[PDB]
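>>> Just dropping in an experimental structure and the matching sequence.
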Amino acid sequence: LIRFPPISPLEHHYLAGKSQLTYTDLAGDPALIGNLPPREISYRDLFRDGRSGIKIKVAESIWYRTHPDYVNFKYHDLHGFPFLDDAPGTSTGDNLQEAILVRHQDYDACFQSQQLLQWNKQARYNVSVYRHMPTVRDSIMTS
Amino acid sequence: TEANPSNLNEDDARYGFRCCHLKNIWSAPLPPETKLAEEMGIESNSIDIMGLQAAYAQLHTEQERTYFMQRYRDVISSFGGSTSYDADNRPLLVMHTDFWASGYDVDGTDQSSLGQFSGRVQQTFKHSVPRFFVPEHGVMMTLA
């Protein structure tokens, strides 16, 4: 299974996207972070061209537990970079599962030519197996 | 927040502002606006137990604040952070001394004052500020 970390010139920090920054968002007050319910937000809240129909339930102040990769919007349209140049799920409709599952076409853009699909490999598989197996001589010989 | 010494009243201007009595049950009550009950709305027939949970949490932040974090600096200390004295413009306390003022009695000795006493309180004291570095122009005020 070959995959590319989903970097995207369209994703931004959750907090950069919030319109009304509240104490609960910024403060990072523990008392709150441990007793609030999950938060429903949409891809629109994470990518500029994010689909608002894709809703996700994240854990409070999770944006304070991890930072996202960054790609200057300039690479956004240069063919040849394996970045997601379009918010995930942009062409699958308001459907979460379809956004989460990797859409291989999302990468067609950056390859000179898939004469051998997108990836390919060759290897030697050395397998040794002990087992009860009469010799070929025994099989072909009757008596 | 008086703007000029002239906005101060007779007593204040001449003797200084009044301060709090030493702390005791009746002079150190919880701030007058202390919550005695926290209400939480509920749909006509059900209650969101998850909300109730948050409700408490929220309350907790409110209480902590009312009880002891009313000053910005103290809230920040709450997080395990700190603030310079420039942050909220607080005067910097350089030295604090405290002591009891005792003295003696003077015995009355004439026909009518014999067996009477007058208390003369007279206490000696030292108040010493260790070498302090003044980073910017200003004043070093010492009050009693």
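Received the coordinates, thanks. Residues are numbered from 1 along each chain as shown, chains lettered A, B, ... in the order given.

>>> For residue B:57, grab phi and psi.
Backbone geometry at residue B:57, expressed as degrees, to the nearest 10, gives phi -50, psi -50.

>>> Leaving out the residues flanking it, which one is nearest to it?
Taking Cβ to Cβ, 6 or more residues apart in numbering or on different chains as the measure, residue B:57 lies nearest to residue A:35, with 3.7 Å between them; neighbours along the chain are not counted. Heads up, the C-betas are built off the backbone N, CA and C, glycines and all.

>>> The one you found contacts residue B:56, correct?
Yes - contact between residue A:35 and residue B:56 holds when scored by Cβ atoms under 8 Å: they sit 7.0 Å apart.

>>> Quick check on these two: which one has the bigger neighbour count.
For residue A:35 versus residue B:56, neighbours defined as other Cβ atoms under 10 Å in any protein chain shown are more numerous around residue A:35 (17 against 13).

>>> The host helix or strand of residue A:32 packs against which elements?
In this assignment (DSSP states H and E), residue A:32 forms part of helix A:30-33. Applying 3 or more Cβ pairs under 8 Å, 6 or more residues apart in numbering or on different chains; DSSP states H and E, we find helix A:30-33 packed against helix B:49-68.

>>> I'd like the next helix or strand past the helix it packs on.
helix B:72-78.

>>> Which strands or helices does that next one pack on?
Contacts of helix B:72-78 with other secondary structure elements, assessed using 3+ Cβ pairs under 8 Å, 6+ apart, are made with helix B:49-68.

>>> try it again with 6 Å
Contact partners of helix B:72-78 among helices and strands, from 3 or more Cβ pairs under 6 Å, 6 or more residues apart in numbering or on different chains; DSSP states H and E: none.

>>> mind checking the SS state of the residue nearest to residue B:55 when sequence neighbours are not counted?
In space, and not counting its chain neighbours, residue B:55 is closest to residue B:40: 4.7 Å by Cβ to Cβ, 6+ apart. Here residue B:40 is recorded as coil under DSSP: H, G, I helix; E, B strand; the rest coil.

>>> Tell me how far residue B:40 lies from chain A.
Taken as Cβ to the nearest Cβ, to the nearest Å, the spacing of residue B:40 relative to chain A amounts to 14 Å.

>>> Work out for me the element residue A:40 sits within.
Counting by DSSP H and E, residue A:40 is found in strand A:39-42.

>>> Am I right that residue B:119 is in a helix?
No - under the criterion used here (three-state DSSP), residue B:119 is strand, not part of a helix.

>>> what about it, distance to chain A?
From residue B:119 over to chain A the distance is 53 Å, taken as Cβ to the nearest Cβ.

>>> give me every residue that touches that residue.
Residues touching residue B:119, when contacts are defined by Cβ atoms under 6 Å, 6 or more residues apart in numbering or on different chains, comprise residue B:105.
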